[PDB]
**Student:** 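One structure, as structure tokens, below. Some questions next.
In this chain, residues are counted from 1 in sequence order.
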Amino acid sequence: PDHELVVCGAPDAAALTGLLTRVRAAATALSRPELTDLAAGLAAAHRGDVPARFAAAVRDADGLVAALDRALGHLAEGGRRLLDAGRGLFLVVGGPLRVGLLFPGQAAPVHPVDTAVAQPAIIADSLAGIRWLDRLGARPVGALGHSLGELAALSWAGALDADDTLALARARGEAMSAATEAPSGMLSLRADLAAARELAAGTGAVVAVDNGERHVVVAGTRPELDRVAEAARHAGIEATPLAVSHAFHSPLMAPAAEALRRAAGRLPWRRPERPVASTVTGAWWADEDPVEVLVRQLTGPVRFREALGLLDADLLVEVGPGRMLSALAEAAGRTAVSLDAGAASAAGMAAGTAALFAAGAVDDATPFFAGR
Ligand SMILES: [Cl-]
């Protein structure tokens, strides 16, 4: 892997200080294979009930020394909690913390693209992510899925098996690409929901995605989006056209409901057994009919702002390809990191697994070192 995961722990903060000091000494000027040994040994020896925890995703020994120095300096001034998702560095004394999951939708990297291809590809990566959390015994407090991601969240929560979920994603991708006729698309506004509704009022365009206080996407035909783009310029609101050929999350997707209602209606749906904050309802999932919810998801808005606000969590882990949702979460002042499931680069796997270990949501990092 291009990044190594280095974890360790101790019974308390004083003991962790002593260990990190020894590890720092042992790490200086190690070659890459030597660092791998040091890391693999630490993961084997520091797993189970590990009261005070450190985890970092590092490119080399000098990155490891830099991480240890930050953690040591933090401990030295009496700090008990350092969570730097953008540097893959996590220190927690006296956790566990509450961790929530984020499942991305399209517009996510596909391991513009045809939505019939992208949807099952993305869901296949998210389902691989779920197999990783399962291999780790991860205990998050709940999940949300943005758009297409609601399907992966529901599969994580036990509402639908992996094979039926992937089959649904294929059928949904096919239905959605079958729906539009007249040129249409999406326009992202750097503005809140009320400002977007003011710009869209009377234009024909509607709110498609409510991401946050500074990010709301509207959808409509091309003449409708041009009216909003004109209004946004006059109001001094920044409007960015999206590279998509369909309105999504608007009434122009209604013709897909027949095909999707059929596909979804044959499946063995179960009640979710874990909490899911829905971006269709903006509420906790509480015994909804999943078919009716998936059908109105075609035409209604993505309620990501509302769903993220429900998910009470100190740290969020994105389980899917790319890092779109972690970027949205950080825009809301939340702490988030992505596993970047399916990527060529191990960067996200290392950083995401480090976050899950330091937060106490997984007890054993050894699966990172298996089958190299
Ligand atoms: Cl394992």
**Student:** Within the distance-only criterion (no hydrogens, no angle test), does the side chain of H146 pair as donor or acceptor with the backbone N or O of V302 below 3.5 angstrom?
**Tutor:**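 No; judged by distance alone, with no hydrogens or angles, the pair does not exist.
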**Student:** Given side chain to side chain contact (heavy atoms under 4.5 Å, CB included), test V217 with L187 step by step and report yes or no.
**Tutor:** CA-CA 6 Å; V217 184; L187 179 66; 5.9 Å; no
**Student:** Would you give the length of the straight line joining atom CG of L30 to atom CG of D37, rounded to the nearest 0.5 angstrom?
**Tutor:**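 One gets 9.5 Å once the value is rounded to the nearest 0.5 Å.
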**Student:** I want to check something: taking the side chain as every heavy atom from C-beta on, are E4 and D60 in contact at a cut-off of under 4.5 Å?
**Tutor:** no
**Student:** Any chance CD of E224 has more than 12 other-residue heavy atoms, nucleotides or ligands included, within less than 6.0 Å?
**Tutor:** yes
**Student:** How close do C8 and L42 get, heavy atom to heavy atom, and via which atoms?
**Tutor:**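 So the two residues come closest at CB-CD2, 4.2 Å.
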**Student:** Any side-chain heavy atom of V216 sitting closer than 4.5 Å to one from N211?
**Tutor:** no
**Student:** Are the side chain of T203 and the backbone N or O of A200 linked by a donor-acceptor pair below 3.5 Å?
**Tutor:**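 Side chain of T203 to backbone of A200, a donor-acceptor pair under 3.5 Å: yes, one is there.
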**Student:** Could you give the side-chain donor-acceptor pairs of residues 89-116 under 3.5 Å, partners two or more places apart or in another chain?
**Tutor:**
unit_1	atom_1	unit_2	atom_2	d
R98	NE	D312	O	2.8
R98	NH2	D312	O	3.4
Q106	OE1	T115	OG1	3.2
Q106	NE2	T115	OG1	2.6
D114	OD1	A116	N	3.0
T115	OG1	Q119	NE2	2.9

**Student:** At what distance, to the nearest 0.5 angstrom, does CG of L64 lie from CG of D69?
**Tutor:** 9.5 Å
**Student:** Treating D340 as the side-chain partner and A343 as the backbone partner, does any N or O pair qualify as donor plus acceptor under 3.5 Å?
**Tutor:** no
**Student:** Testing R47, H46, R53 for side chain to side chain donor-acceptor pair (under 3.5 Å) with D363, which one passes?
**Tutor:** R53
**Student:** Only one of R172, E292, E150 forms a side chain to side chain donor-acceptor pair (under 3.5 Å) with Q297, so which one is it?
**Tutor:** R172
**Student:** Salt bridge (charged side-chain N to carboxylate O under 4.0 Å, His left out) for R270 and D161? Distances and angles first, verdict last.
**Tutor:** CA-CA 9 Å; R270 297 198 166 107; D161 65 275; over 6 Å; no
**Student:** Can you see which heavy atom on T180 is nearest to which on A182, and at what distance?
**Tutor:**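 What the structure gives for the nearest pair is OG1-O, 3.4 Å.
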**Student:** What pairs meet the side-chain hydrogen bond (donor to acceptor under 3.5 Å, both in side chains) rule with one or both residues in residues 123-139, with sequence neighbours excluded?
**Tutor:**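 Those involving residues 123-139 are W132-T353.
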**Student:** Under 4.5 Å between any side-chain heavy atoms of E213 and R305, yes or no?
**Tutor:** yes
**Student:** Closer than 3.5 angstrom, by distance alone: can the side chain of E288 be matched with the main-chain N or O of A286 as a donor-acceptor pair?
**Tutor:** yes
**Student:** So, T279 side chain and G145 main chain: donor-acceptor pair closer than 3.5 Å or not?
**Tutor:** yes
**Student:** Determine whether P1 and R372 make a side-chain contact, defined as any pair of heavy atoms from C-beta on separated by less than 4.5 Å.
**Tutor:** yes
**Student:** So, using side chain to side chain donor-acceptor pair (under 3.5 Å) as the criterion, who are the partners of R170 when residues are at least two apart?
**Tutor:** none
**Student:** For a quick test of reading the model, state the closest non-hydrogen atom pair linking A205 to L225 and the distance between them.
**Tutor:** CB-CD2, 4.4 Å
**Student:** Heavy-atom count check: over 12 atoms from other residues, nucleotides or ligands less than 6.0 Å from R227 CZ?
**Tutor:**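 Count over threshold, so yes.
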**Student:** If you look at every heavy atom in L252 and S184, which pair is closest and at what distance?
**Tutor:** CD1-CB, 3.9 Å
**Student:** Would you mind reporting whether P251 and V206 have side-chain heavy atoms less than 4.5 Å apart?
**Tutor:**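 Side-chain contact under 4.5 Å: yes.
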**Student:** Decide yes or no on salt bridge (charged side-chain N to carboxylate O under 4.0 Å, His left out) for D210 and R303, but give the supporting numbers first.
**Tutor:** CA-CA 5 Å; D210 178 13; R303 297 188 175 282; 5.4 Å; no
**Student:** Is there a chain of hydrophobic side chains (I, L, V, M, F, W, Y, each step under 4.5 Å between heavy atoms) that links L294 to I122?
**Tutor:** yes
**Student:** Return yes when atom CZ of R190 has more than 12 non-hydrogen atoms of other residues, nucleotides or ligands closer than 6.0 Å, and no otherwise.
**Tutor:** no
**Student:** For the backbone of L83 and the side chain of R87, can you confirm whether one donor and one acceptor N or O come within less than 3.5 Å of each other?
**Tutor:**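 A pair under 3.5 Å: no.
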**Student:** Would you please test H249 and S147 for side chain to side chain donor-acceptor pair (under 3.5 Å) and show each step?
**Tutor:** CA-CA 9 Å; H249 293 291; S147 195; 3.1 Å; yes
**Student:** Report the distance from atom CG of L16 to atom CZ of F54, rounding to the nearest 0.5 Å.
**Tutor:** 8.5 Å
**Student:** With sequence neighbours left out, what residues match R296 under side chain to side chain donor-acceptor pair (under 3.5 Å)?
**Tutor:** none
**Student:** Where do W284 and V276 land on the side chain to side chain contact (heavy atoms under 4.5 Å, CB included) test, with the steps shown first?
**Tutor:** CA-CA 6 Å; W284 294 108; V276 171; 5.5 Å; no
**Student:** Tell me, with the steps shown, if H246 and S177 meet side chain to side chain donor-acceptor pair (under 3.5 Å).
**Tutor:** CA-CA 8 Å; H246 292 74; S177 93; 5.5 Å; no
**Student:** Does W285 reach the main-chain N or O of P290 with its side chain, forming a donor-acceptor pair under 3.5 Å?
**Tutor:**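 Judged by distance alone, no pair lies under 3.5 Å.
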**Student:** Is the closest side-chain heavy-atom distance between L154 and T165 below 4.5 Å?
**Tutor:**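 Not touching, per the 4.5 Å side-chain cut-off.
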**Student:** Find out if a path of hydrophobic residues (ILVMFWY) with successive side-chain heavy-atom gaps under 4.5 Å connects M176 to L242.
**Tutor:**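 Yes, because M176 and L242 connect within a single hydrophobic cluster, where side-chain heavy atoms sit under 4.5 Å apart.
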**Student:** Looking at CD of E273 and CH2 of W156, how far apart are the two atoms once the value is rounded to the nearest 0.5 Å?
**Tutor:**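 Atom-to-atom, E273:CD and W156:CH2 are 10.5 Å apart.
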**Student:** Let me confirm one number: the CG-CG distance from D364 to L356, rounded to the nearest 0.5 Å.
**Tutor:** 12.5 Å
**Student:** For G185 and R222, work out which heavy atoms get closest and say how close.
**Tutor:** CA-NH2, 3.8 Å
**Student:** List, one per line, each side-chain donor-acceptor pair under 3.5 Å for residues 191-199, sequence neighbours excluded.
**Tutor:**
unit_1	atom_1	unit_2	atom_2	d
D192	OD1	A194	N	3.4
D192	OD1	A195	N	3.0

**Student:** Determine whether a donor-acceptor pair (N or O, by modelled atom type, separation under 3.5 Å) exists between the side chain of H3 and the backbone of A57.
**Tutor:** no
**Student:** Apply side chain to side chain contact (heavy atoms under 4.5 Å, CB included) to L151 and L168, showing your working.
**Tutor:** CA-CA 8 Å; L151 279 69; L168 183 50; 4.0 Å; yes
**Student:** Scan the side chains in residues 315-336 for donor-acceptor partners under 3.5 Å anywhere in the protein, sequence neighbours excluded, and list what turns up.
**Tutor:**
unit_1	atom_1	unit_2	atom_2	d
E318	OE1	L325	N	3.3
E318	OE1	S326	N	2.8
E318	OE1	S326	OG	2.9
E318	OE2	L325	N	2.9
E330	OE2	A336	N	3.0
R334	NH1	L308	O	2.9
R334	NH1	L311	O	3.3
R334	NH2	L311	O	2.8
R334	NH2	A313	O	2.9

**Student:** Enter the distance from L72:CG to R70:CZ here, rounded to the nearest 0.5 Å.
**Tutor:**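 One gets 12.5 Å once the value is rounded to the nearest 0.5 Å.
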**Student:** How close do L5 and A365 get, counting heavy atoms only, and between which atoms?
**Tutor:** CD2-CB, 3.8 Å
**Student:** Going only through I, L, V, M, F, W and Y residues with side-chain contacts under 4.5 Å, is there a path from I123 to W269?
**Tutor:**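 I123 clusters together with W269.
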